Amino acid sequence: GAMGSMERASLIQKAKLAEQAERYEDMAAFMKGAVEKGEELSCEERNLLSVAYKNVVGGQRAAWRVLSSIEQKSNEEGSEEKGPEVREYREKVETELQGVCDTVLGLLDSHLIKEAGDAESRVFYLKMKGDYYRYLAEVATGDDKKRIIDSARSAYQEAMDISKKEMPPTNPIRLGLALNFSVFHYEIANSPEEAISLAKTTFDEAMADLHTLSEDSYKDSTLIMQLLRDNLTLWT
Amino acid sequence: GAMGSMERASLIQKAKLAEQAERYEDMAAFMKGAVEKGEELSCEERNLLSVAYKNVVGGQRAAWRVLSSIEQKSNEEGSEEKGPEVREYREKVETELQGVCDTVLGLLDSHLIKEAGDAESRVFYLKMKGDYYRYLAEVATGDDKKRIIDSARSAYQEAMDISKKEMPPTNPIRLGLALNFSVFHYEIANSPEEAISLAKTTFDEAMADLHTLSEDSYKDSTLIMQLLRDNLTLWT
Amino acid sequence: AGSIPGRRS
Amino acid sequence: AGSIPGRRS
Ligand SMILES: Cc1ccc([N+](=O)O)c(OC(=O)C2CCC2)c1
Ligand SMILES: Cc1ccc([N+](=O)O)c(OC(=O)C2CCC2)c1
Ligand SMILES: [Cl-]
Ligand SMILES: [Cl-]
């Protein structure tokens with residue numbers, strides 16, 4: 001409750017201002033404070049939470065990849081010893097990234113998921129849970145890499161099961177969940193065939209449902225379908 | 001001395017890694033730690049210090065401008081009352097920006113400027129002092145706006161006096177100092193004619209000295225001359 | 001391979 | 001009106 005003295009509505013207003021100012025760390029802190037008020041989040045508020053943390057962890061992941069690449073080049077044949085600094089700094093960034101992922105997972109566990117009864121909210125939060133375990137898996141190397149991977153898979157799978165029962169195949173959350181689960185298969189689980197099959201089946205089932213949509217919904221769905229197609233083009 | 005336990009050379013190495021990772025807050029903290037070791041900075045190290053803080057304060061200034069624009073629109077005829085949140089958040093960002101400027105000015109005063117005897121280092125630090133007072137002036141409104149403006153002017157003027165005596169007119173630090181002092185005149189001091197005269201005279205004196213330069217130095221100097229020309233095109 | 005960018009509300 | 005960008009070493 002570092003934001004404990006601020007009104008819920010003011011935290012949401014400030015999160016929107018922080019987004020406009022591209023102050024994503026602030027945005028995430030405001031949205032964490034809003035979640036900790038204990039009320040469920042509306043559709044727009046869930047999007048604000050997700051956008052905030054995706055930007056924060058996205059910057060950390062990009063930095064981790066830069067540093068990991070420098071570190072791997074230093075541990076090659078013919079490389080001059082550079083001292084412990086590259087590893088130490090990569091570790092610092094890695095720990096910070098893990099801390100953000102743990103914070104998001106903690107919000108989902110206390111108590112966003114358990115109070116989420118509608119399909120749109122439950123699928124949204126379970127997709128988030130899969131995504132943040134996936135980010136943990138990207139940097140994992142020790143006794144728990146397998147368990148982290150299984151936690152991501154389990155969250156995505158529960159979200160997929162709900163989305164297939166409760167949402168049309170063009171629903172943008174269902175589409176983005178399938179996109180990200182396919183990326184999990186390709187990049188984390190060493191299952192490129194499963195990634196390709198999921199992306200193809202998702203795209204084809206969405207295509208067959210586009211006729212039911214308004215112009216605005218058609219634009220929303222086809223945008224994500226193009227991302228599935230982009231991945232299929234890279235993978236095949 | 002939060003970086004007090006890290007070797008000076010390791011702080012510099014980590015500042016370079018932070019730049020590659022686009023972690024500019026980290027970069028600034030590493031360079032602050034390096035300055036606090038108490039030794040003078042080399043040319044490359046001064047550039048690292050300046051790049052780090054310019055990125056940090058640049059992000060803050062961009063955010064402050066976004067929020068200040070929203071706030072000014074809210075305080076207009078026909079605007080619905082939005083509550084104190086826009087002002088409160090602009091104030092938070094403003095205070096953070098002022099804190100970074102005060103930190104940089106404190107490093108320059110303790111004790112970078114007093115130990116800087118060569119023209120290249122002294123001009124560099126005095127230009128920095130003018131720049132960070134200029135950033136303070138951009139947000140100032142109270143009893144000290146005039147004094148902040150005069151502090152920027154005084155620092156730039158001392159740097160100009162040294163640079164004119166000790167550096168050729170194509171020297172990139174001399175050119176960038178003149179560029180930024182001209183921006184000070186135009187944007188802060190309400191002296192557009194002085195800004196234009198300074199930019200013109202600086203450009204013309206550099207042009208006449210280009211014949212003395214190597215190909216690499218010619219590229220360095222003409223790049224900054226183009227920035228002077230860009231401003232003159234906007235101002236005339 | 002791209003996941004949902006998801007960085008703009 | 002632009003000052004020195006100065007954001008890349
Ligand atoms: C997981 C997911 C799937 C589809 C989305 N979509 O665009 O519809 C989506 O949202 C965004 O991409 C950003 C705009 C608000 C967050 C997120
Ligand atoms: C005040 C000033 C003037 C000229 C510069 N110049 O480019 O030569 C300069 O340096 C940069 O623009 C960045 C590259 C290192 C920092 C800074
Ligand atoms: Cl470190
Ligand atoms: Cl605030």
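In listed order, ligands and their atoms are each counted from 1. The figures here come from the full heavy-atom set of this structure, side chains too, leaving out hydrogens, waters and symmetry mates. To find a chain, count down the sequence lines: A is the first, B the second, and so on, and within it residues start at 1.
- Heavy-atom proximity to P172(A), at under 4.0 Å, picks out these atoms of ligand 1: 3 (C), 4 (C), 8 (O).
- With a 6.0 Å radius and a threshold of 12 heavy atoms from other residues, nucleotides or ligands, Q157(A) has its CD atom above the threshold.
- Applying the side chain to side chain donor-acceptor pair (under 3.5 Å) test to every pair with at least one member in residues 95-111 of chain A, sequence neighbours left out, gives these pairs: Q60(A)-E96(A), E96(A)-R23(B), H111(A)-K114(A).
- Close contacts between ligand 1 and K127(A) involve ligand atoms 1 (C), 2 (C), 3 (C), 17 (C) [criterion: under 4.0 Å to a heavy atom].
- Contacts of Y133(A) classified as side chain to side chain donor-acceptor pair (under 3.5 Å), with partners at least two apart in sequence or in another chain: none.
- If you check the side chains of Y132(B) and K54(B), you find no donor sitting under 3.5 Å from an acceptor.
- With a 4.0 Å heavy-atom cut-off, ligand 1 is reached by no atom of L175(A).
- Atoms of ligand 1 found under 4.0 Å from any heavy atom of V51(A), numbered from 1 in the order shown, are 15 (C), 16 (C).
- The shell of residues lying under 4.0 angstrom from ligand 1, judged by heavy atoms, includes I224(A).
- The cationic atom of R153(A) (NZ for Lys, CZ for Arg) does not lie both less than 6.0 Å from the six-membered ring centre of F184(A) and within 45° of the ring axis.
- The 12-atom threshold is not exceeded at CD of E22(A), counting heavy atoms of other residues, nucleotides or ligands nearer than 6.0 Å.
- The contact set between ligand 1 and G6(C), taken as ligand atoms under 4.0 Å from a residue heavy atom, comprises 11 (C), 12 (O), 13 (C).
- Of all atoms in ligand 1, numbered sequentially from 1 with element shown, those under 4.0 Å from a heavy atom of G176(A) are 3 (C).
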